[PDB]
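Okay, my_file_24.pdb now, which holds PDB, N, CA and C atoms:
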```pdb
ATOM      1  N   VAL A 534      20.846-104.238 -18.217
ATOM      2  CA  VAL A 534      21.868-104.906 -17.421
ATOM      3  C   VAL A 534      22.810-105.616 -18.378
ATOM      4  N   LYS A 535      24.107-105.362 -18.242
ATOM      5  CA  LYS A 535      25.087-105.909 -19.163
ATOM      6  C   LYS A 535      26.145-106.702 -18.413
ATOM      7  N   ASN A 536      26.893-107.497 -19.187
ATOM      8  CA  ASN A 536      27.959-108.388 -18.718
ATOM      9  C   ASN A 536      27.474-109.406 -17.692
ATOM     10  N   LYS A 537      26.212-109.809 -17.782
ATOM     11  CA  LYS A 537      25.671-110.843 -16.917
ATOM     12  C   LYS A 537      24.884-111.835 -17.753
ATOM     13  N   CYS A 538      24.920-113.090 -17.324
ATOM     14  CA  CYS A 538      24.212-114.156 -18.018
ATOM     15  C   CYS A 538      22.723-113.954 -17.782
ATOM     16  N   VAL A 539      22.021-113.443 -18.795
ATOM     17  CA  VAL A 539      20.635-113.023 -18.662
ATOM     18  C   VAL A 539      19.826-113.572 -19.823
ATOM     19  N   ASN A 540      18.513-113.397 -19.722
ATOM     20  CA  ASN A 540      17.610-113.580 -20.848
ATOM     21  C   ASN A 540      17.203-112.221 -21.384
ATOM     22  N   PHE A 541      17.263-112.071 -22.696
ATOM     23  CA  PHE A 541      16.881-110.837 -23.348
ATOM     24  C   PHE A 541      15.708-111.081 -24.279
ATOM     25  N   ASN A 542      14.898-110.037 -24.422
ATOM     26  CA  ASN A 542      13.703-110.043 -25.259
ATOM     27  C   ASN A 542      13.679-108.690 -25.965
ATOM     28  N   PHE A 543      14.324-108.629 -27.119
ATOM     29  CA  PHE A 543      14.479-107.395 -27.883
ATOM     30  C   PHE A 543      13.500-107.417 -29.044
ATOM     31  N   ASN A 544      12.369-106.732 -28.868
ATOM     32  CA  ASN A 544      11.304-106.587 -29.863
ATOM     33  C   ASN A 544      10.783-107.942 -30.332
ATOM     34  N   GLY A 545      10.695-108.872 -29.387
ATOM     35  CA  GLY A 545      10.311-110.230 -29.698
ATOM     36  C   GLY A 545      11.452-111.177 -29.987
ATOM     37  N   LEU A 546      12.681-110.686 -30.112
ATOM     38  CA  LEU A 546      13.846-111.558 -30.213
ATOM     39  C   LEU A 546      14.117-112.136 -28.838
ATOM     40  N   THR A 547      13.991-113.443 -28.701
ATOM     41  CA  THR A 547      14.229-114.084 -27.422
ATOM     42  C   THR A 547      15.568-114.800 -27.445
ATOM     43  N   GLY A 548      16.364-114.592 -26.406
ATOM     44  CA  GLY A 548      17.592-115.358 -26.332
ATOM     45  C   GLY A 548      18.257-115.218 -24.985
ATOM     46  N   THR A 549      19.407-115.875 -24.868
ATOM     47  CA  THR A 549      20.140-115.976 -23.618
ATOM     48  C   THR A 549      21.604-115.666 -23.860
ATOM     49  N   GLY A 550      22.187-114.853 -22.990
ATOM     50  CA  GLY A 550      23.602-114.580 -23.102
ATOM     51  C   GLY A 550      24.006-113.400 -22.246
ATOM     52  N   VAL A 551      25.179-112.878 -22.564
ATOM     53  CA  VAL A 551      25.673-111.630 -22.016
ATOM     54  C   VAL A 551      25.585-110.585 -23.115
ATOM     55  N   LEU A 552      25.208-109.375 -22.728
ATOM     56  CA  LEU A 552      25.198-108.233 -23.621
ATOM     57  C   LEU A 552      26.403-107.363 -23.319
ATOM     58  N   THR A 553      27.076-106.927 -24.374
ATOM     59  CA  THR A 553      28.358-106.270 -24.197
ATOM     60  C   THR A 553      28.385-105.036 -25.087
ATOM     61  N   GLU A 554      29.040-103.984 -24.596
ATOM     62  CA  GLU A 554      29.372-102.833 -25.420
ATOM     63  C   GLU A 554      30.199-103.266 -26.618
ATOM     64  N   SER A 555      29.766-102.862 -27.800
ATOM     65  CA  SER A 555      30.343-103.336 -29.041
ATOM     66  C   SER A 555      31.226-102.266 -29.656
ATOM     67  N   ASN A 556      31.990-102.691 -30.656
ATOM     68  CA  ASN A 556      32.687-101.782 -31.548
ATOM     69  C   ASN A 556      32.117-101.842 -32.956
ATOM     70  N   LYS A 557      30.958-102.476 -33.134
ATOM     71  CA  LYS A 557      30.362-102.617 -34.454
ATOM     72  C   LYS A 557      29.894-101.270 -34.981
ATOM     73  N   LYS A 558      30.400-100.901 -36.148
ATOM     74  CA  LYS A 558      30.035 -99.635 -36.767
ATOM     75  C   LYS A 558      28.774 -99.827 -37.606
ATOM     76  N   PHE A 559      27.651 -99.922 -36.901
ATOM     77  CA  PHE A 559      26.355-100.031 -37.556
ATOM     78  C   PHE A 559      26.025 -98.765 -38.314
ATOM     79  N   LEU A 560      25.727 -98.919 -39.560
ATOM     80  CA  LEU A 560      25.146 -97.795 -40.256
ATOM     81  C   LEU A 560      23.678 -97.663 -39.852
ATOM     82  N   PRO A 561      23.164 -96.412 -39.732
ATOM     83  CA  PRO A 561      21.948 -96.154 -38.937
ATOM     84  C   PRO A 561      20.664 -96.840 -39.376
ATOM     85  N   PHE A 562      20.605 -97.256 -40.629
ATOM     86  CA  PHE A 562      19.428 -97.892 -41.190
ATOM     87  C   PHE A 562      19.351 -99.374 -40.863
ATOM     88  N   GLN A 563      20.309 -99.901 -40.111
ATOM     89  CA  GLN A 563      20.401-101.318 -39.794
ATOM     90  C   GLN A 563      19.897-101.563 -38.379
ATOM     91  N   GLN A 564      19.432-102.783 -38.111
ATOM     92  CA  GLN A 564      18.906-103.103 -36.794
ATOM     93  C   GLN A 564      19.538-104.304 -36.121
ATOM     94  N   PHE A 565      19.832-105.371 -36.849
ATOM     95  CA  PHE A 565      20.163-106.635 -36.221
ATOM     96  C   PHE A 565      21.493-107.115 -36.753
ATOM     97  N   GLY A 566      21.947-108.236 -36.227
ATOM     98  CA  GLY A 566      23.196-108.789 -36.682
ATOM     99  C   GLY A 566      23.183-110.290 -36.576
ATOM    100  N   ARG A 567      23.502-110.962 -37.668
ATOM    101  CA  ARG A 567      23.489-112.409 -37.705
ATOM    102  C   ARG A 567      24.904-112.908 -37.921
ATOM    103  N   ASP A 568      25.069-114.200 -37.721
ATOM    104  CA  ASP A 568      26.361-114.848 -37.806
ATOM    105  C   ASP A 568      26.279-115.863 -38.942
ATOM    106  N   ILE A 569      27.327-116.678 -39.082
ATOM    107  CA  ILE A 569      27.377-117.691 -40.129
ATOM    108  C   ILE A 569      26.264-118.706 -39.947
ATOM    109  N   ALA A 570      25.985-119.091 -38.709
ATOM    110  CA  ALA A 570      24.927-120.043 -38.422
ATOM    111  C   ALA A 570      23.555-119.392 -38.318
ATOM    112  N   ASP A 571      23.454-118.099 -38.650
ATOM    113  CA  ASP A 571      22.240-117.286 -38.495
ATOM    114  C   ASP A 571      21.710-117.318 -37.067
ATOM    115  N   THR A 572      22.594-117.012 -36.132
ATOM    116  CA  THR A 572      22.209-116.710 -34.767
ATOM    117  C   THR A 572      22.427-115.225 -34.571
ATOM    118  N   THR A 573      21.552-114.597 -33.798
ATOM    119  CA  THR A 573      21.699-113.179 -33.522
ATOM    120  C   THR A 573      22.895-112.952 -32.611
ATOM    121  N   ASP A 574      23.771-112.025 -32.993
ATOM    122  CA  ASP A 574      24.971-111.761 -32.209
ATOM    123  C   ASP A 574      25.123-110.280 -31.904
ATOM    124  N   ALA A 575      24.430-109.432 -32.651
ATOM    125  CA  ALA A 575      24.548-108.001 -32.447
ATOM    126  C   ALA A 575      23.180-107.391 -32.662
ATOM    127  N   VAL A 576      22.792-106.509 -31.746
ATOM    128  CA  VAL A 576      21.432-105.990 -31.733
ATOM    129  C   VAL A 576      21.478-104.540 -31.275
ATOM    130  N   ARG A 577      20.536-103.743 -31.762
ATOM    131  CA  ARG A 577      20.451-102.331 -31.428
ATOM    132  C   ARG A 577      19.342-102.169 -30.405
ATOM    133  N   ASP A 578      19.671-101.565 -29.273
ATOM    134  CA  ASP A 578      18.686-101.323 -28.233
ATOM    135  C   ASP A 578      17.651-100.335 -28.752
ATOM    136  N   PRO A 579      16.361-100.654 -28.665
ATOM    137  CA  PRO A 579      15.346 -99.767 -29.241
ATOM    138  C   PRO A 579      15.137 -98.477 -28.478
ATOM    139  N   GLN A 580      15.687 -98.325 -27.277
ATOM    140  CA  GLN A 580      15.504 -97.086 -26.533
ATOM    141  C   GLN A 580      16.741 -96.198 -26.590
ATOM    142  N   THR A 581      17.920 -96.773 -26.430
ATOM    143  CA  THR A 581      19.166 -96.059 -26.679
ATOM    144  C   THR A 581      19.848 -96.646 -27.910
ATOM    145  N   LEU A 582      20.124 -95.802 -28.894
ATOM    146  CA  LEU A 582      20.657 -96.289 -30.162
ATOM    147  C   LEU A 582      22.135 -96.619 -29.991
TER     148      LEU A 582
ATOM    149  N   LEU B 922      85.417-138.109 -50.174
ATOM    150  CA  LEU B 922      84.516-137.909 -51.299
ATOM    151  C   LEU B 922      83.078-138.171 -50.896
ATOM    152  N   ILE B 923      82.865-139.259 -50.166
ATOM    153  CA  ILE B 923      81.529-139.614 -49.722
ATOM    154  C   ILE B 923      81.028-138.615 -48.692
ATOM    155  N   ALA B 924      81.928-138.115 -47.846
ATOM    156  CA  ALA B 924      81.553-137.097 -46.871
ATOM    157  C   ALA B 924      81.092-135.814 -47.551
ATOM    158  N   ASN B 925      81.815-135.396 -48.589
ATOM    159  CA  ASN B 925      81.456-134.180 -49.305
ATOM    160  C   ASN B 925      80.132-134.335 -50.032
ATOM    161  N   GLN B 926      79.911-135.499 -50.651
ATOM    162  CA  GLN B 926      78.641-135.749 -51.321
ATOM    163  C   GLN B 926      77.486-135.757 -50.338
ATOM    164  N   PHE B 927      77.699-136.332 -49.155
ATOM    165  CA  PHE B 927      76.632-136.396 -48.167
ATOM    166  C   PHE B 927      76.270-135.011 -47.656
ATOM    167  N   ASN B 928      77.282-134.198 -47.346
ATOM    168  CA  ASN B 928      77.016-132.867 -46.814
ATOM    169  C   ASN B 928      76.347-131.977 -47.847
ATOM    170  N   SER B 929      76.798-132.063 -49.101
ATOM    171  CA  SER B 929      76.170-131.294 -50.167
ATOM    172  C   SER B 929      74.734-131.737 -50.388
ATOM    173  N   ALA B 930      74.481-133.045 -50.294
ATOM    174  CA  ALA B 930      73.127-133.551 -50.473
ATOM    175  C   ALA B 930      72.203-133.073 -49.365
ATOM    176  N   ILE B 931      72.700-133.042 -48.129
ATOM    177  CA  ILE B 931      71.880-132.578 -47.014
ATOM    178  C   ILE B 931      71.551-131.099 -47.171
ATOM    179  N   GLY B 932      72.542-130.298 -47.577
ATOM    180  CA  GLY B 932      72.281-128.890 -47.847
ATOM    181  C   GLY B 932      71.285-128.678 -48.973
ATOM    182  N   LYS B 933      71.316-129.558 -49.975
ATOM    183  CA  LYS B 933      70.349-129.453 -51.058
ATOM    184  C   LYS B 933      68.941-129.811 -50.599
ATOM    185  N   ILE B 934      68.810-130.758 -49.665
ATOM    186  CA  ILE B 934      67.500-131.022 -49.060
ATOM    187  C   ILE B 934      66.992-129.793 -48.336
ATOM    188  N   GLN B 935      67.890-129.140 -47.603
ATOM    189  CA  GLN B 935      67.520-127.978 -46.809
ATOM    190  C   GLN B 935      67.003-126.846 -47.684
ATOM    191  N   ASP B 936      67.770-126.464 -48.704
ATOM    192  CA  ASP B 936      67.320-125.317 -49.488
ATOM    193  C   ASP B 936      66.216-125.703 -50.472
ATOM    194  N   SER B 937      66.122-126.989 -50.837
ATOM    195  CA  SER B 937      65.017-127.448 -51.670
ATOM    196  C   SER B 937      63.689-127.374 -50.941
ATOM    197  N   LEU B 938      63.663-127.753 -49.665
ATOM    198  CA  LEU B 938      62.445-127.544 -48.894
ATOM    199  C   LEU B 938      62.210-126.067 -48.635
ATOM    200  N   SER B 939      63.284-125.292 -48.449
ATOM    201  CA  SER B 939      63.093-123.883 -48.129
ATOM    202  C   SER B 939      62.607-123.068 -49.317
ATOM    203  N   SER B 940      62.867-123.518 -50.542
ATOM    204  CA  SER B 940      62.501-122.768 -51.735
ATOM    205  C   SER B 940      61.167-123.223 -52.307
ATOM    206  N   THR B 941      60.961-124.517 -52.424
ATOM    207  CA  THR B 941      59.704-125.006 -52.950
ATOM    208  C   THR B 941      58.610-124.890 -51.891
ATOM    209  N   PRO B 942      57.502-124.227 -52.216
ATOM    210  CA  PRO B 942      56.402-124.117 -51.247
ATOM    211  C   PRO B 942      55.438-125.296 -51.255
ATOM    212  N   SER B 943      55.325-125.993 -52.385
ATOM    213  CA  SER B 943      54.288-126.995 -52.592
ATOM    214  C   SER B 943      54.718-128.395 -52.179
ATOM    215  N   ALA B 944      55.680-128.517 -51.268
ATOM    216  CA  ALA B 944      56.205-129.837 -50.941
ATOM    217  C   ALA B 944      55.262-130.613 -50.036
ATOM    218  N   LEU B 945      54.644-129.943 -49.076
ATOM    219  CA  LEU B 945      54.014-130.626 -47.949
ATOM    220  C   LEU B 945      52.517-130.772 -48.138
ATOM    221  N   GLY B 946      52.090-130.812 -49.403
ATOM    222  CA  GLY B 946      50.668-130.811 -49.710
ATOM    223  C   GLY B 946      49.945-132.026 -49.168
ATOM    224  N   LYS B 947      50.630-133.180 -49.162
ATOM    225  CA  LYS B 947      50.092-134.410 -48.592
ATOM    226  C   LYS B 947      49.696-134.250 -47.140
ATOM    227  N   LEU B 948      50.389-133.396 -46.401
ATOM    228  CA  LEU B 948      49.885-133.098 -45.076
ATOM    229  C   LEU B 948      48.721-132.129 -45.134
ATOM    230  N   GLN B 949      48.913-131.024 -45.868
ATOM    231  CA  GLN B 949      48.082-129.835 -45.709
ATOM    232  C   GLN B 949      46.640-130.104 -46.079
ATOM    233  N   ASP B 950      46.446-130.866 -47.160
ATOM    234  CA  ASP B 950      45.120-131.183 -47.673
ATOM    235  C   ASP B 950      44.283-131.894 -46.630
ATOM    236  N   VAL B 951      44.934-132.762 -45.839
ATOM    237  CA  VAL B 951      44.258-133.502 -44.779
ATOM    238  C   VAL B 951      43.601-132.545 -43.805
ATOM    239  N   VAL B 952      44.375-131.563 -43.323
ATOM    240  CA  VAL B 952      43.844-130.560 -42.406
ATOM    241  C   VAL B 952      42.732-129.786 -43.083
ATOM    242  N   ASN B 953      42.965-129.433 -44.355
ATOM    243  CA  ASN B 953      42.003-128.659 -45.124
ATOM    244  C   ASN B 953      40.696-129.405 -45.257
ATOM    245  N   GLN B 954      40.781-130.721 -45.516
ATOM    246  CA  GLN B 954      39.567-131.500 -45.709
ATOM    247  C   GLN B 954      38.740-131.514 -44.446
ATOM    248  N   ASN B 955      39.407-131.718 -43.303
ATOM    249  CA  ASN B 955      38.696-131.731 -42.037
ATOM    250  C   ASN B 955      38.112-130.367 -41.765
ATOM    251  N   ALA B 956      38.907-129.328 -42.056
ATOM    252  CA  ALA B 956      38.459-127.959 -41.875
ATOM    253  C   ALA B 956      37.251-127.691 -42.742
ATOM    254  N   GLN B 957      37.327-128.127 -44.007
ATOM    255  CA  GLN B 957      36.238-127.890 -44.942
ATOM    256  C   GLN B 957      34.982-128.591 -44.482
ATOM    257  N   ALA B 958      35.139-129.841 -44.028
ATOM    258  CA  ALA B 958      33.985-130.629 -43.628
ATOM    259  C   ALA B 958      33.327-130.004 -42.422
ATOM    260  N   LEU B 959      34.154-129.534 -41.480
ATOM    261  CA  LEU B 959      33.610-128.970 -40.258
ATOM    262  C   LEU B 959      32.899-127.674 -40.559
ATOM    263  N   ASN B 960      33.438-126.918 -41.519
ATOM    264  CA  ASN B 960      32.841-125.644 -41.872
ATOM    265  C   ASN B 960      31.485-125.863 -42.500
ATOM    266  N   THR B 961      31.372-126.937 -43.292
ATOM    267  CA  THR B 961      30.109-127.276 -43.930
ATOM    268  C   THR B 961      29.050-127.555 -42.891
ATOM    269  N   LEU B 962      29.456-128.225 -41.809
ATOM    270  CA  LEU B 962      28.531-128.585 -40.750
ATOM    271  C   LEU B 962      27.929-127.352 -40.112
ATOM    272  N   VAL B 963      28.735-126.298 -39.961
ATOM    273  CA  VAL B 963      28.231-125.094 -39.322
ATOM    274  C   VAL B 963      27.206-124.420 -40.207
ATOM    275  N   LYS B 964      27.446-124.391 -41.516
ATOM    276  CA  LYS B 964      26.438-123.725 -42.318
ATOM    277  C   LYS B 964      25.296-124.654 -42.665
ATOM    278  N   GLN B 965      25.264-125.855 -42.095
ATOM    279  CA  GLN B 965      24.000-126.552 -42.168
ATOM    280  C   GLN B 965      23.028-126.100 -41.110
ATOM    281  N   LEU B 966      23.426-125.239 -40.188
ATOM    282  CA  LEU B 966      22.444-124.700 -39.267
ATOM    283  C   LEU B 966      21.529-123.682 -39.915
ATOM    284  N   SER B 967      21.898-123.143 -41.063
ATOM    285  CA  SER B 967      21.181-122.009 -41.613
ATOM    286  C   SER B 967      20.146-122.384 -42.654
ATOM    287  N   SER B 968      19.945-123.660 -42.924
ATOM    288  CA  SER B 968      18.898-124.043 -43.852
ATOM    289  C   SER B 968      17.654-124.469 -43.095
ATOM    290  N   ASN B 969      16.505-124.091 -43.636
ATOM    291  CA  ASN B 969      15.259-124.222 -42.900
ATOM    292  C   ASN B 969      14.606-125.577 -43.079
TER     293      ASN B 969
END
```

When written as structure tokens, how does the structure in this file appear?
Amino acid sequence: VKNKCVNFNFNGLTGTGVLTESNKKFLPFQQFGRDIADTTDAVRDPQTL
Amino acid sequence: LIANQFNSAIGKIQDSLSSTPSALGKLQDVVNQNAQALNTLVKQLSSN
């Protein structure tokens, strides 16, 4: 479920927010994405890449 | 004579500010300092 204020649990990553279709060009060997404050901001769905 | 000197002086202020880039540093640094300090605060979230 996307574009809704939800709780997500991605492989033990717990957090709260909206999930959105990205334009991030992840190279395939990468999984996660951190910010300046080291908060997760971009994540790869483990079922659909 | 005084009118001509005044007008020439005003024009020299105009192009002197327009040519020199480093005039307004007394303002700019203030913003920079606050910006720098605030930026430091954000990266204090990343230390354990």

Find the axis-aligned box for stretch 534-551 of chain A, covering all its listed atoms and adding 8 Å on each side, and write its centre and edge lengths in Å to one decimal as lines of an AutoDock Vina configuration file.
```
center_x = 19.1
center_y = -110.1
center_z = -23.6
size_x = 33.6
size_y = 27.7
size_z = 29.4
```

Next item on the list: Skip residue A:571 itself and residues of its chain fewer than 4 positions away, then list as a ChimeraX atom specification all residues within 8 Å of it, counting all atoms listed in the file.
Entry: /A:566-567 /B:963-964,966-968

Notebook entry, point to check: To one decimal place, how far is atom CA of residue A:558 from atom CA of residue A:538 in Å?
Noted result: 24.4 Å

Note to self: If the cut-off is 8 Å, can you tell me the residues of chain A near chain B, counting all atoms listed in the file? I'd like them as a list in words.
What the structure shows: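 Contact residues on the first chain: residues 569, 570, 571 and 572 of chain A.
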
Kindly save the residues from that selection, with N, CA and C atoms included, as a CSV table (one decimal), in the frame of the given file.
```csv
chain,number,residue,atom,x,y,z
A,569,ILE,N,27.3,-116.7,-39.1
A,569,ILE,CA,27.4,-117.7,-40.1
A,569,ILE,C,26.3,-118.7,-39.9
A,570,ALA,N,26.0,-119.1,-38.7
A,570,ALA,CA,24.9,-120.0,-38.4
A,570,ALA,C,23.6,-119.4,-38.3
A,571,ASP,N,23.5,-118.1,-38.6
A,571,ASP,CA,22.2,-117.3,-38.5
A,571,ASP,C,21.7,-117.3,-37.1
A,572,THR,N,22.6,-117.0,-36.1
A,572,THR,CA,22.2,-116.7,-34.8
A,572,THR,C,22.4,-115.2,-34.6
```

Item checked: Which of chain B fall in helix (DSSP H, G or I), as a ChimeraX atom specification -> /B:923-940,943-963

Check: So what does the PyMOL selection byres ((chain A and resi 577) around 6) actually pick up in this one, as a PyMOL selection string?
Finding: chain A and resi 564-565+575-576+578-579

Saved selection, atoms kept: N, CA and C atoms, as a compact mmCIF listing (two decimals), keeping the file's coordinate frame:
```
# COMPACT_ATOMS: atom_id res chain seq x y z
N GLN A 564 19.43 -102.78 -38.11
CA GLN A 564 18.91 -103.10 -36.79
C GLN A 564 19.54 -104.30 -36.12
N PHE A 565 19.83 -105.37 -36.85
CA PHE A 565 20.16 -106.64 -36.22
C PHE A 565 21.49 -107.12 -36.75
N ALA A 575 24.43 -109.43 -32.65
CA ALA A 575 24.55 -108.00 -32.45
C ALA A 575 23.18 -107.39 -32.66
N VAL A 576 22.79 -106.51 -31.75
CA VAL A 576 21.43 -105.99 -31.73
C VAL A 576 21.48 -104.54 -31.28
N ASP A 578 19.67 -101.56 -29.27
CA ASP A 578 18.69 -101.32 -28.23
C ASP A 578 17.65 -100.34 -28.75
N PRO A 579 16.36 -100.65 -28.66
CA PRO A 579 15.35 -99.77 -29.24
C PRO A 579 15.14 -98.48 -28.48
```

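The coordinates place atom N of residue A:534 at 8.2 Å from atom C of residue A:552.
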
Next item on the list: Return as a PyMOL selection string the full set of residues in chain A whose backbone-based DSSP assignment is strand (DSSP E).
Entry: chain A and resi 539-543+546-550+565-567+573-576
